[PDB]
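Have a look below at one chain only, the form deposited in one PDB entry, in structure tokens format.
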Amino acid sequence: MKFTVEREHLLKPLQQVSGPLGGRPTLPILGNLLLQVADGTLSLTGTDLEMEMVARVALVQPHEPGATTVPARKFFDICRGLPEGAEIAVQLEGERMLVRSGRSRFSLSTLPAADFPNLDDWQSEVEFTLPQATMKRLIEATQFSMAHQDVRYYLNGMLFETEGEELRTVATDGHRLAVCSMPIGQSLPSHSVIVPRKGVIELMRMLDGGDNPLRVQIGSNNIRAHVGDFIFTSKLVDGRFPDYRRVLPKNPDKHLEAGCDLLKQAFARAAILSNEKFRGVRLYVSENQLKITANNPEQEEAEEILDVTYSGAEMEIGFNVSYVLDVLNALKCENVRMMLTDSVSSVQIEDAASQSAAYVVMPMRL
């Protein structure tokens, strides 16, 4: 195997395929990147057995086919540390890979490419294209609601559902839920899959915010996304995800609307004096007014009064303020709408000017 490439055409791919790696590998080979030269292209792959990131680089200079694997971190840092515009010549020399540039020489240890994990081929059942911004919007709007290493394995991920001409993402940890839908102008078959949290993270990281479309393929047990010269593939979580349609409150007749930022700043300040663990805050809604109070074990107390739009019956309800703040932070709109039912029922939060995304959060006991 042999190839010579410009430092900059290499740093981009290397950085991307290193994503799957997460330190302290269970297998030493999972700490390496697979390098493959064939038909004028250099392919680099990074994986953690659950997913893989593949980058392809065009070889415009003389090269020789072949493959090997080398320490990802070490190789990336070496390339990163050479001077801008540096020419990096690489060649396999037995049990080690030689890297040369200017007057710098580096010999790295290798592991047989043949031993590199290889996700078994599979077949896509649903395919579609969409702008990176749409995919970016969908994940950002719900990612924060995904569960974190929760015993209910089916919650440690994000649901990606196709329905009609829409792609929707759903995320929940049992206490709060987020859902967002975006039309992708294509009649799609109805399909639902759970993408593991690490996969959603990688997916988001492969979006360079450009105009290049995203090509997505979904199989019975896998999802693949192609953007530019990168191909990401992840296994799916085998389980049954909650139905957002049954999570949304049934009868939230009490509607409250208020400026998003003023509402967020009030909760942010009140949260300072809320229980550090439970983080509960009390809301008292009355005619065009909202009273937010917070108390902690120290018996400290925060109170915020703000003008809002509300014409329903007065009521008091408690909420974990972090859950509320996460929603307001994600919205990033002008005004938000809170839909309540009673003190023992969840609340639904949405952008006042958009029902594309919905947020549900369970109340806390007084």
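Here, rigid core means the biggest group of C-alpha atoms that superpose within 1.5 Å across both forms. Quick note: we count residues from 1 along the sequence shown, nothing fancier.
Although it is not shown, the form deposited in another entry is what the next lines describe.
Participant: If you fit the two forms on their rigid core, which residue out of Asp243, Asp238, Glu287, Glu165 shows a CA shift of at least 2 Å between this form and the one not shown?
Facilitator: Single hit from the list, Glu287.
Participant: Take the rigid core as the frame of reference and indicate whether the C-alpha of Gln61 shifts by 2 Å or more between this form and the one not shown.
Facilitator: The answer is no; the displacement is under 2 Å.
Participant: So that I can tell if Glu127 moves, could you say whether its C-alpha shifts by at least 2 Å between this form and the one not shown after the core superposition?
Facilitator: No, the C-alpha moves less than 2 Å.
Participant: Spell out whether the Cα of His255 moves at least 2 Å between this form and the one not shown when the two forms are superposed on their rigid core.
Facilitator: Comparing the forms between this form and the one not shown, which are aligned on their rigid core, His255 does shift its C-alpha by 2 Å or more.
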